Amino acid sequence: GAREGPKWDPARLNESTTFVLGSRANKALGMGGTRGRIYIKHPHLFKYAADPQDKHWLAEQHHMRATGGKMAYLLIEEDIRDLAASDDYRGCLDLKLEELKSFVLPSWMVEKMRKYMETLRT
């Protein structure tokens, strides 16, 4: 097998396999970039804004309370493998989805995450 996924097969992942923040994400998507093929090439890439109340919990998982610099975002890790096949991310020497640091939201956060998605789902 290869190491271009979470463990062996990134496709096996579901729509709720995990979530990836918006910090240090460039790494998994090649550090040698400019803006982000995920925020341009993937105009249909699901994105969940980290509310001010949720940030409290996410901060514990991120282990870094960045006042600013960049806006964090929660995206389905499964959707990453797709965007990873972009024009640039396509087999990038600095592409390591295995270290996407993705994680599944708790039964608490998912609450607002579900009702929220419904807005962009229906």
# chains A, B, ... in the order shown; residues from 1 in each chain; ligands from 1
$ residues_around --residues "residue 116 in chain A" --least-positions-apart "6" --cutoff "12 Å" --atoms "only C-alpha atoms" --output "PyMOL selection string"
chain A and resi 46-51+109-110+122
$ write_last_selection --atoms "N, CA and C atoms" --output "PDB file, in the first residue's frame"
ATOM      1  N   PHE A  46     -17.107  21.473   1.209  1.00  0.00           N
ATOM      2  CA  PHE A  46     -17.814  21.772   2.449  1.00  0.00           C
ATOM      3  C   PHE A  46     -16.874  22.409   3.470  1.00  0.00           C
ATOM      4  N   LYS A  47     -17.367  23.430   4.161  1.00  0.00           N
ATOM      5  CA  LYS A  47     -16.575  24.127   5.167  1.00  0.00           C
ATOM      6  C   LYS A  47     -17.451  24.578   6.332  1.00  0.00           C
ATOM      7  N   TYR A  48     -17.043  24.221   7.544  1.00  0.00           N
ATOM      8  CA  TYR A  48     -17.791  24.589   8.742  1.00  0.00           C
ATOM      9  C   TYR A  48     -17.017  25.604   9.577  1.00  0.00           C
ATOM     10  N   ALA A  49     -17.551  26.817   9.665  1.00  0.00           N
ATOM     11  CA  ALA A  49     -16.914  27.879  10.435  1.00  0.00           C
ATOM     12  C   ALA A  49     -16.905  27.547  11.924  1.00  0.00           C
ATOM     13  N   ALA A  50     -15.737  27.674  12.547  1.00  0.00           N
ATOM     14  CA  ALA A  50     -15.596  27.389  13.968  1.00  0.00           C
ATOM     15  C   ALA A  50     -16.136  28.537  14.815  1.00  0.00           C
ATOM     16  N   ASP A  51     -17.354  28.374  15.319  1.00  0.00           N
ATOM     17  CA  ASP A  51     -17.984  29.397  16.145  1.00  0.00           C
ATOM     18  C   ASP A  51     -17.077  29.792  17.307  1.00  0.00           C
ATOM     19  N   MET A 109     -20.526  19.219  19.675  1.00  0.00           N
ATOM     20  CA  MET A 109     -20.247  20.091  18.539  1.00  0.00           C
ATOM     21  C   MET A 109     -21.069  19.680  17.322  1.00  0.00           C
ATOM     22  N   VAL A 110     -21.148  18.376  17.079  1.00  0.00           N
ATOM     23  CA  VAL A 110     -21.903  17.853  15.948  1.00  0.00           C
ATOM     24  C   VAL A 110     -23.330  18.391  15.943  1.00  0.00           C
ATOM     25  N   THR A 122     -29.977  22.052   2.378  1.00  0.00           N
ATOM     26  CA  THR A 122     -31.356  22.189   1.922  1.00  0.00           C
ATOM     27  C   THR A 122     -31.826  23.636   2.021  1.00  0.00           C
TER      28      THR A 122
END
$ residues_around --residues "residue 96 in chain A" --least-positions-apart "2" --cutoff "9 Å" --atoms "only C-alpha atoms" --output "PyMOL selection string"
chain A and resi 3-5+27-30+92-94+98-100
$ write_last_selection --atoms "N, CA, C and O atoms" --output "CSV table (one decimal), in the first residue's frame"
chain,number,residue,atom,x,y,z
A,3,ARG,N,1.0,5.7,1.3
A,3,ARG,CA,0.8,6.6,2.4
A,3,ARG,C,0.2,7.9,2.0
A,3,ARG,O,0.5,9.0,2.5
A,4,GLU,N,-0.8,7.8,1.0
A,4,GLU,CA,-1.4,9.0,0.5
A,4,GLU,C,-2.9,9.1,1.1
A,4,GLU,O,-3.7,9.7,0.5
A,5,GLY,N,-3.1,8.5,2.3
A,5,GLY,CA,-4.4,8.6,2.9
A,5,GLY,C,-4.3,8.6,4.4
A,5,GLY,O,-3.2,8.8,5.0
A,27,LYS,N,0.4,22.2,5.0
A,27,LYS,CA,1.4,21.1,5.1
A,27,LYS,C,0.8,19.9,4.3
A,27,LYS,O,1.4,19.5,3.3
A,28,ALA,N,-0.3,19.3,4.8
A,28,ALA,CA,-0.9,18.2,4.1
A,28,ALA,C,-1.2,18.5,2.6
A,28,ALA,O,-1.3,17.6,1.8
A,29,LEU,N,-1.4,19.8,2.3
A,29,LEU,CA,-1.7,20.2,1.0
A,29,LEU,C,-0.5,20.9,0.4
A,29,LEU,O,-0.7,21.9,-0.4
A,30,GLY,N,0.7,20.5,0.7
A,30,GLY,CA,1.9,21.1,0.1
A,30,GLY,C,2.1,22.5,0.7
A,30,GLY,O,1.2,23.4,0.5
A,92,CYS,N,1.9,16.0,-4.8
A,92,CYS,CA,2.8,17.0,-4.4
A,92,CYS,C,3.9,16.4,-3.4
A,92,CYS,O,3.6,15.7,-2.5
A,93,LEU,N,5.1,16.8,-3.7
A,93,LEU,CA,6.3,16.3,-2.9
A,93,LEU,C,6.0,16.7,-1.4
A,93,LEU,O,6.6,16.0,-0.5
A,94,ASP,N,5.2,17.7,-1.2
A,94,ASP,CA,5.0,18.1,0.2
A,94,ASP,C,3.5,17.8,0.6
A,94,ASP,O,2.9,18.5,1.4
A,98,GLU,N,-1.8,11.9,5.3
A,98,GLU,CA,-1.8,11.1,6.4
A,98,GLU,C,-1.6,11.9,7.7
A,98,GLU,O,-2.1,11.4,8.8
A,99,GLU,N,-1.1,13.0,7.6
A,99,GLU,CA,-0.9,13.9,8.8
A,99,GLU,C,-1.9,15.1,8.7
A,99,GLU,O,-1.5,16.2,9.1
A,100,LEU,N,-3.1,14.8,8.3
A,100,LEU,CA,-4.1,15.9,8.2
A,100,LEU,C,-4.6,16.3,9.6
A,100,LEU,O,-5.3,17.3,9.7
$ residues_around --residues "residue 34 in chain A" --least-positions-apart "5" --cutoff "12 Å" --atoms "only C-alpha atoms" --output "list in words"
residues 26, 29, 39, 40, 88 and 89 of chain A
$ write_last_selection --atoms "N, CA, C and O atoms" --output "short mmCIF file (atom, residue, chain, number, x, y, z; two decimals), in the first residue's frame"
data_model
loop_
_atom_site.label_atom_id
_atom_site.label_comp_id
_atom_site.auth_asym_id
_atom_site.auth_seq_id
_atom_site.Cartn_x
_atom_site.Cartn_y
_atom_site.Cartn_z
N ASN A 26 -1.87 23.71 5.18
CA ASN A 26 -1.04 23.82 3.98
C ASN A 26 -0.07 22.65 3.88
O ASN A 26 0.21 22.16 2.78
N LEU A 29 -1.44 19.77 2.33
CA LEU A 29 -1.73 20.19 0.96
C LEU A 29 -0.55 20.93 0.36
O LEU A 29 -0.72 21.91 -0.38
N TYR A 39 -9.67 26.43 -1.62
CA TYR A 39 -10.51 27.61 -1.48
C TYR A 39 -10.74 28.28 -2.84
O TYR A 39 -11.24 29.40 -2.91
N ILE A 40 -10.37 27.58 -3.90
CA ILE A 40 -10.54 28.10 -5.25
C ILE A 40 -10.89 26.99 -6.23
O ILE A 40 -11.94 27.01 -6.87
N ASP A 88 -2.30 21.20 -8.61
CA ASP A 88 -1.01 21.34 -7.93
C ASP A 88 -0.83 20.24 -6.88
O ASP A 88 0.18 19.55 -6.87
N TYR A 89 -1.82 20.11 -6.01
CA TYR A 89 -1.77 19.10 -4.95
C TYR A 89 -1.55 17.71 -5.53
O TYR A 89 -1.07 16.81 -4.84
#
$ residues_around --residues "residue 17 in chain A" --least-positions-apart "4" --cutoff "7 Å" --atoms "only C-alpha atoms" --output "PyMOL selection string"
chain A and resi 13+76-78+104
$ select_by_dssp --residues "chain A" --states "alpha helix (DSSP H)" --output "tab-separated table (two decimals) with N, CA and C atoms, in the first residue's frame"
chain	number	residue	atom	x	y	z
A	25	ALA	N	-2.83	23.53	7.69
A	25	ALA	CA	-3.40	22.62	6.71
A	25	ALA	C	-2.57	22.61	5.43
A	26	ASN	N	-1.87	23.71	5.18
A	26	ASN	CA	-1.04	23.82	3.98
A	26	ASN	C	-0.07	22.65	3.88
A	27	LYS	N	0.43	22.19	5.02
A	27	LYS	CA	1.36	21.07	5.05
A	27	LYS	C	0.80	19.88	4.28
A	28	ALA	N	-0.31	19.34	4.76
A	28	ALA	CA	-0.95	18.20	4.11
A	28	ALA	C	-1.24	18.49	2.64
A	55	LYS	N	-14.71	27.15	19.46
A	55	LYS	CA	-13.27	27.39	19.47
A	55	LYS	C	-12.66	26.95	20.80
A	56	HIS	N	-13.42	27.09	21.88
A	56	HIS	CA	-12.96	26.71	23.20
A	56	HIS	C	-12.52	25.24	23.22
A	57	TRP	N	-13.35	24.38	22.65
A	57	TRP	CA	-13.05	22.95	22.60
A	57	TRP	C	-11.97	22.66	21.57
A	58	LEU	N	-12.13	23.21	20.37
A	58	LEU	CA	-11.17	23.00	19.30
A	58	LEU	C	-9.77	23.40	19.75
A	59	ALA	N	-9.68	24.45	20.55
A	59	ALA	CA	-8.40	24.93	21.06
A	59	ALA	C	-7.65	23.82	21.79
A	60	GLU	N	-8.40	22.97	22.48
A	60	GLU	CA	-7.81	21.86	23.23
A	60	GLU	C	-7.22	20.82	22.29
A	61	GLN	N	-7.88	20.63	21.15
A	61	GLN	CA	-7.42	19.66	20.16
A	61	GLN	C	-6.29	20.23	19.31
A	62	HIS	N	-6.32	21.54	19.10
A	62	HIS	CA	-5.30	22.21	18.31
A	62	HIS	C	-4.05	22.47	19.14
A	77	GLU	N	-12.41	15.34	6.40
A	77	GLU	CA	-11.16	14.76	5.94
A	77	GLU	C	-11.36	13.98	4.65
A	78	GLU	N	-12.51	13.32	4.53
A	78	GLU	CA	-12.82	12.53	3.34
A	78	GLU	C	-12.82	13.41	2.10
A	79	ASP	N	-13.22	14.67	2.26
A	79	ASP	CA	-13.27	15.61	1.15
A	79	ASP	C	-11.87	16.09	0.79
A	80	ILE	N	-10.92	15.88	1.70
A	80	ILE	CA	-9.54	16.29	1.47
A	80	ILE	C	-8.90	15.45	0.37
A	81	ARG	N	-9.05	14.13	0.46
A	81	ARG	CA	-8.49	13.22	-0.52
A	81	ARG	C	-8.89	13.63	-1.93
A	82	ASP	N	-10.08	14.22	-2.06
A	82	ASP	CA	-10.59	14.65	-3.35
A	82	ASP	C	-9.84	15.90	-3.84
A	83	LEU	N	-9.80	16.92	-2.99
A	83	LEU	CA	-9.12	18.17	-3.33
A	83	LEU	C	-7.62	17.94	-3.51
A	109	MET	N	-20.53	19.22	19.67
A	109	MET	CA	-20.25	20.09	18.54
A	109	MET	C	-21.07	19.68	17.32
A	110	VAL	N	-21.15	18.38	17.08
A	110	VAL	CA	-21.90	17.85	15.95
A	110	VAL	C	-23.33	18.39	15.94
A	111	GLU	N	-23.85	18.68	17.13
A	111	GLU	CA	-25.20	19.21	17.26
A	111	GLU	C	-25.40	20.44	16.38
A	112	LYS	N	-24.56	21.44	16.58
A	112	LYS	CA	-24.63	22.68	15.81
A	112	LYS	C	-24.10	22.47	14.40
A	113	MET	N	-23.20	21.49	14.25
A	113	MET	CA	-22.62	21.19	12.95
A	113	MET	C	-23.66	20.58	12.01
A	114	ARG	N	-24.59	19.82	12.58
A	114	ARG	CA	-25.63	19.18	11.80
A	114	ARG	C	-26.67	20.20	11.34
A	115	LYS	N	-27.25	20.92	12.29
A	115	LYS	CA	-28.25	21.93	11.98
A	115	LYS	C	-27.68	23.02	11.08
A	116	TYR	N	-26.37	23.21	11.16
A	116	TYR	CA	-25.69	24.22	10.36
A	116	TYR	C	-25.60	23.78	8.90
A	117	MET	N	-25.11	22.56	8.69
A	117	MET	CA	-24.97	22.02	7.34
A	117	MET	C	-26.30	22.06	6.60
A	118	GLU	N	-27.39	21.83	7.33
A	118	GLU	CA	-28.72	21.83	6.74
A	118	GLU	C	-28.97	23.12	5.97
A	119	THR	N	-28.31	24.20	6.39
A	119	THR	CA	-28.46	25.49	5.73
A	119	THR	C	-27.88	25.46	4.32
A	120	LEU	N	-26.76	24.77	4.16
A	120	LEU	CA	-26.10	24.67	2.86
A	120	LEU	C	-26.43	23.34	2.19
A	121	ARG	N	-27.29	22.56	2.83
A	121	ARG	CA	-27.69	21.26	2.30
A	121	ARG	C	-29.09	21.32	1.71
$ select_by_dssp --residues "chain A" --states "strand (DSSP E or B)" --output "short mmCIF file (atom, residue, chain, number, x, y, z; two decimals) with C-alpha atoms, in the first residue's frame"
data_model
loop_
_atom_site.label_atom_id
_atom_site.label_comp_id
_atom_site.auth_asym_id
_atom_site.auth_seq_id
_atom_site.Cartn_x
_atom_site.Cartn_y
_atom_site.Cartn_z
CA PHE A 19 -12.73 16.97 10.41
CA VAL A 20 -9.65 19.06 9.65
CA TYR A 48 -17.79 24.59 8.74
CA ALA A 49 -16.91 27.88 10.44
CA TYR A 73 -12.20 25.95 9.37
CA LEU A 74 -13.60 22.44 9.86
CA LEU A 75 -13.71 20.33 6.69
CA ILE A 76 -14.46 16.63 6.20
CA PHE A 103 -10.61 14.33 14.11
#
$ atom_distance --atom1 "CA of residue 45 in chain A" --atom2 "CA of residue 2 in chain A"
24.7 Å
$ atom_distance --atom1 "CA of residue 31 in chain A" --atom2 "CA of residue 95 in chain A"
8.1 Å
$ atom_distance --atom1 "CA of residue 107 in chain A" --atom2 "CA of residue 38 in chain A"
27.0 Å
$ closest_residue --among "A:84, A:54, A:23, A:69" --to "residue 108 in chain A" --atoms "only C-alpha atoms"
A:54
